[PDB]
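In what follows, a single structure is set out as structure tokens and then discussed.
Numbering (PDB author numbering), first residue to last: 224 to 566, 635 to 647.
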């Protein structure tokens, strides 16, 4: 039935080795809107999960006209990268691998072509996903914004921040919750000097100001970081005191041993996670982009099971029913379902949204 379940250490971790699946089966009324690189609709583990709502938000020419292949056709949600298909599998795969919520409806909002994205596109996608009735919206992508102080040009990134804020407020008004990946840069988001030092590698800063990891920073958003198979924060994961963590894997052994040994000695089997990709088959991946959908799918199960209509109530419920490992709240779907407690230009250039 599920040939590759045994490879899914990360799914076993959050489901109590499959226990959660038997506890609840979602209706067709709930969906997750996936704001990402699109999807391979014909993937055998995913095709039966596809909902009826979708939109391509990538403009003609893609990221600042570097992508002549991007047409701007609003119906073109094909995944050219793999990332969106990999994220989707974590939510809803129902076949050779299992997502957290197998077969739950997913609707697809494409904001990447083959490289980078823009907050303008992501904000439009958030609004569209909310308008289409997706009560949970997954954003496995982000960017750092310096929202005070100034770059050499005298400005900062506050306008982009405000544009996200408006979109998120709108989603909230519509009754949707947004779940977003923390970055994979090993940054404690509360340590501003360290974030400034990071930005100085990629930007020209004149007067340092407050740096945020957006859109995960917003109070109403559920920020998701990564743990490895030991339950420790992933080496690559940013750290947020108000985040929840779920399995994202680790690059610690890759970095120590190098690619040849990483592969030949099988480190990837436990260090990286096995998911659906746009070949029609599978790939090992890592990153907070793959923790985020575990939380999104779990939240969608809760929304459906308990008929939770208030997103404010929903976040409170999640945090109260997520156990602590080493001082960090981690996703546990059995606990959540049981609900014991009732409620040069670069990837980090200004304006560049990147996958996590």
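Don't be surprised by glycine CBs; every beta carbon is placed ideally from N, CA and C.
What is the rounded straight-line gap between the Cα of residue i and the Cα of residue j?
{"i": "residue 434", "j": "residue 395", "result": "24 angstroms"}
{"i": "residue 535", "j": "residue 292", "result": "41 angstroms"}
{"i": "residue 294", "j": "residue 380", "result": "28 angstroms"}
{"i": "residue 444", "j": "residue 479", "result": "35 angstroms"}
{"i": "residue 515", "j": "residue 361", "result": "7 angstroms"}
{"i": "residue 367", "j": "residue 437", "result": "6 angstroms"}
{"i": "residue 499", "j": "residue 237", "result": "18 angstroms"}
{"i": "residue 282", "j": "residue 333", "result": "10 angstroms"}
{"i": "residue 398", "j": "residue 484", "result": "48 angstroms"}
{"i": "residue 331", "j": "residue 277", "result": "5 angstroms"}
{"i": "residue 441", "j": "residue 487", "result": "42 angstroms"}
{"i": "residue 244", "j": "residue 524", "result": "10 angstroms"}
{"i": "residue 385", "j": "residue 349", "result": "14 angstroms"}
{"i": "residue 352", "j": "residue 419", "result": "33 angstroms"}
{"i": "residue 553", "j": "residue 637", "result": "32 angstroms"}
{"i": "residue 271", "j": "residue 520", "result": "16 angstroms"}
{"i": "residue 347", "j": "residue 307", "result": "17 angstroms"}
{"i": "residue 439", "j": "residue 365", "result": "8 angstroms"}
{"i": "residue 342", "j": "residue 266", "result": "29 angstroms"}
{"i": "residue 540", "j": "residue 635", "result": "44 angstroms"}
{"i": "residue 511", "j": "residue 482", "result": "21 angstroms"}
{"i": "residue 412", "j": "residue 383", "result": "18 angstroms"}
{"i": "residue 504", "j": "residue 378", "result": "46 angstroms"}
{"i": "residue 340", "j": "residue 288", "result": "11 angstroms"}
For residue i, which of the options has the nearest alpha-carbon?
{"i": "residue 312", "options": "550, 227, 485 and 441", "result": "227"}
{"i": "residue 310", "options": "296, 339, 485 and 259", "result": "259"}
{"i": "residue 507", "options": "524, 477 and 276", "result": "477"}
{"i": "residue 538", "options": "553, 522, 328 and 550", "result": "522"}
{"i": "residue 372", "options": "350, 428, 275 and 337", "result": "428"}
{"i": "residue 641", "options": "296, 364 and 374", "result": "374"}
{"i": "residue 556", "options": "646, 314, 494 and 349", "result": "314"}
{"i": "residue 529", "options": "247, 497 and 336", "result": "247"}
{"i": "residue 425", "options": "643, 318 and 488", "result": "643"}
{"i": "residue 453", "options": "463, 503 and 473", "result": "473"}
{"i": "residue 286", "options": "344, 512, 353 and 552", "result": "344"}
{"i": "residue 250", "options": "526, 241, 239 and 409", "result": "526"}
{"i": "residue 533", "options": "502, 566, 501 and 503", "result": "566"}
{"i": "residue 559", "options": "275, 288, 239 and 224", "result": "239"}
{"i": "residue 225", "options": "464, 462 and 319", "result": "319"}
{"i": "residue 241", "options": "284, 288, 279 and 325", "result": "325"}
{"i": "residue 329", "options": "273, 383, 370 and 410", "result": "273"}
{"i": "residue 410", "options": "501, 369 and 462", "result": "462"}
{"i": "residue 335", "options": "370, 284 and 393", "result": "284"}
How would you label residue i, buried or exposed, when you count the other beta carbons within 10 angstroms and need 16 or more for buried?
{"i": "residue 492", "result": "exposed"}
{"i": "residue 322", "result": "buried"}
{"i": "residue 290", "result": "buried"}
{"i": "residue 576", "result": "Residue numbering in the chain breaks between 566 and 635, and residue 576 falls inside that break, so it has no position here."}
{"i": "residue 547", "result": "exposed"}
{"i": "residue 470", "result": "buried"}
{"i": "residue 466", "result": "buried"}
{"i": "residue 430", "result": "exposed"}
{"i": "residue 268", "result": "buried"}
{"i": "residue 416", "result": "exposed"}
{"i": "residue 231", "result": "buried"}
{"i": "residue 646", "result": "buried"}
{"i": "residue 517", "result": "buried"}
{"i": "residue 494", "result": "buried"}
{"i": "residue 376", "result": "exposed"}
{"i": "residue 509", "result": "buried"}
{"i": "residue 544", "result": "buried"}
{"i": "residue 568", "result": "No coordinates are present for residue 568, because the numbering of the chain runs from 566 directly to 635."}
{"i": "residue 550", "result": "exposed"}
{"i": "residue 432", "result": "buried"}
{"i": "residue 229", "result": "exposed"}
Is the closest heavy atom of the ligand NAD to the C-beta of residue i under 7 angstroms?
{"i": "residue 403", "result": "The model on display carries no ligand, and the ligand NAD is accordingly not part of it."}
Flag residue i as yes if its beta-carbon sits less than 8 angstroms from any beta-carbon of chain C, otherwise no.
{"i": "residue 482", "result": "Considering every chain present, this structure includes no chain C. It has just one protein chain."}
Subject >> Sufficient close CB pairs (3 or more, under 8 angstroms) joining the segment 402–413 to the segment 441–455 >> reply: yes
Subject >> Cβ contact (3+ pairs, closer than 8 angstroms) linking the segment 381–401 and the segment 455–467 >> reply: no
Original post:
Would you say the segment 251–266 touches the segment 353–373, given that touching needs at least three Cβ pairs under 8 angstroms?
Top reply: yes
Original post:
Can you list the alpha helix (DSSP H) stretches of 4 or more residues lying completely in the segment 400–477, in chain order?
Top reply: 415–422
Original post:
If you pair each beta-carbon of the segment 301–309 with each one of the segment 262–273, do three or more pairs fall below 8 angstroms?
Top reply: yes
**OP:** Ignoring anything shorter than 4 residues or poking outside the segment 305–330, list the alpha helix (DSSP H) runs there in chain order.
**Re:** 306–315
Subject >> In chain order, each beta strand (DSSP E) run of at least 3 residues that lies wholly inside the segment 484–533 >> reply: 496–499 and 505–508
Subject >> Length at least 3, wholly inside the segment 341–399: the beta strand (DSSP E) runs in chain order >> reply: 359–362 and 364–369
**OP:** Run through the segment 261–306 for me and flag every whole beta strand (DSSP E) of 3 or more residues, listed as ranges in chain order.
**Re:** 273–279
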